[PDB]
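Letter by letter, the chains look like this.
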Amino acid sequence: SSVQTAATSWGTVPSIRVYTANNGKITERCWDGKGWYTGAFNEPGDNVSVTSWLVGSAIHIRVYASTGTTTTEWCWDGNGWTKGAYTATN
Ligand SMILES: Cc1c(C)c2c3c4c1OP(=O)(O)Oc1c(C)c(C)c5c(c1C4)Cc1c(c(c(C)c(C)c1OP(=O)(O)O5)OP(=O)(O)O2)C3
Ligand SMILES: Cc1c(C)c2c3c4c1OP(=O)(O)Oc1c(C)c(C)c5c(c1C4)Cc1c(c(c(C)c(C)c1OP(=O)(O)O5)OP(=O)(O)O2)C3
Ligand SMILES: OC[C@@]1(O)OC[C@@H](O)[C@@H](O)[C@@H]1O
Ligand SMILES: OC[C@@]1(O)OC[C@@H](O)[C@@H](O)[C@@H]1O
Ligand SMILES: [Zn+2]
Ligand SMILES: [Zn+2]
Ligand SMILES: [Zn+2]
Ligand SMILES: [Zn+2]
């Protein structure tokens, strides 16, 4: 078995974020033009997907973390990771 990843990027530098699900936990690695460093994201999950969009130069990141049949959305909007309103019936 193997770790599972999800990736997003934005701009032309670019910024890149790679999320890795390992051991029921998702962590984050970051590229902003000058080497890979560890990001603030740390949430439970066996499976991860991600999307992001810009408003002007402000990134908005949504990470979908799944454990069992429960998927939780995590939101980055410039000032801390918050829990999003996403729900599903799995
Ligand atoms: C935590 C975890 C994940 C995230 C998994 C799988 C397993 C898993 O539980 P684990 O405790 O590792 O138990 C297993 C052990 C010990 C072995 C030896 C296994 C498998 C599993 C089951 C089956 C398995 C799985 C795979 C993939 C890609 C392979 C090749 C694969 O066969 P292989 O590695 O020979 O055989 O999918 P993936 O890794 O994404 O999903 C399924
Ligand atoms: C507790 C447990 C259950 C109930 C599972 C699975 C696993 C499992 O974890 P574990 O056995 O510790 O880790 C694995 C290990 C050590 C190996 C070598 C595995 C698998 C697993 C994953 C993958 C796997 C699973 C299967 C089936 C039918 C096969 C053939 C099957 O490939 P197999 O050649 O055995 O590879 O479904 P099953 O209903 O058994 O579901 C999936
Ligand atoms: O500059 C790094 C950082 O703030 O970028 C936005 C998000 O990816 C955060 O988790 C991360 O720590
Ligand atoms: O600002 C957070 C939020 O409203 O952003 C858009 C969607 O991701 C929603 O689920 C989420 O709660
Ligand atoms: Zn393996
Ligand atoms: Zn898988
Ligand atoms: Zn687990
Ligand atoms: Zn905004």
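Residues numbered from 1 in each chain as written, not as in the entry; some residues may be left out. Chains lettered and ligands numbered in written order. Heavy atoms only, no water.

X-ray crystallography is the method the PDB entry states for this structure, with the resolution given as 1.49 Å.

Draft legend 1. Spatial organisation of the overall build of the protein. The secondary structure content of the protein amounts to zero helices and eight strands. Beginning at the N terminus, the succession of helices and strands in the protein can be written as β-β-β-β-β-β-β-β. For 90 residues, the compact-globule formula gives about 12 Å, and the C-alpha radius of gyration of the protein, at 13 Å, lands near that figure. Reported as C-alpha extents along the three principal axes, the dimensions of the protein are approximately 35 × 30 × 20 Å. Counting the 90 residues in the protein, one finds 34% classified as buried. Sequence separation of 24 or more characterises 19% of the internal contacts of the protein that already satisfy a separation of 6 or more. Carbon and sulfur atoms form 49% of the exposed surface of the protein, whose accessible area is close to 5,500 Å². (Helix = DSSP H or I, 4+ residues; strand = E, 2+ residues; numbered from the N terminus. Rg over C-alpha atoms; globule rule 2.2 N^0.38 Å. Buried < 20%, exposed > 50% of the residue type's maximum accessible area, 1.4 Å probe, protein only. Contact = heavy atoms within 4.5 Å. Areas by Shrake-Rupley, 256 points an atom, 1.4 Å probe, with all protein chains shown as cover.)

Draft legend 2. View of the pairing of strand β6 (residues 58-67). Of all ten residues making up β6, eight are buried, and the element is well covered by its neighbours. Here nine bridges tie strand β5 (residues 47-55) to β6, and the two strands are oriented antiparallel to one another. Directly across from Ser52, in β6, lies its bridge partner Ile61. Taken together, β5 and the strand that follows it, β6, pair antiparallel across an intervening segment of two residues, in which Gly56 is found at a positive phi of about 65°. With seven bridges joining them, β6 and strand β7 (residues 70-76) adopt antiparallel strand pairing. In the strand pairing of β7, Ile61 is matched with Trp76. (Pairing = 2+ DSSP bridges.)

Draft legend 3. Summary view of the sheet that holds strand β8 (residues 81-83). The four strands lie next to each other as β5-β6-β7-β8, forming an open sheet whose pairing is antiparallel. Of all strands in the sheet, those with a lone pairing partner are β5 and β8, marking the two edges. Put simply, the sheet's adjacent strands are angled 25° from each other on average, direction ignored. (Axes fitted to C-alpha atoms, helices over the stretch in contact; angles between N-to-C directions.)

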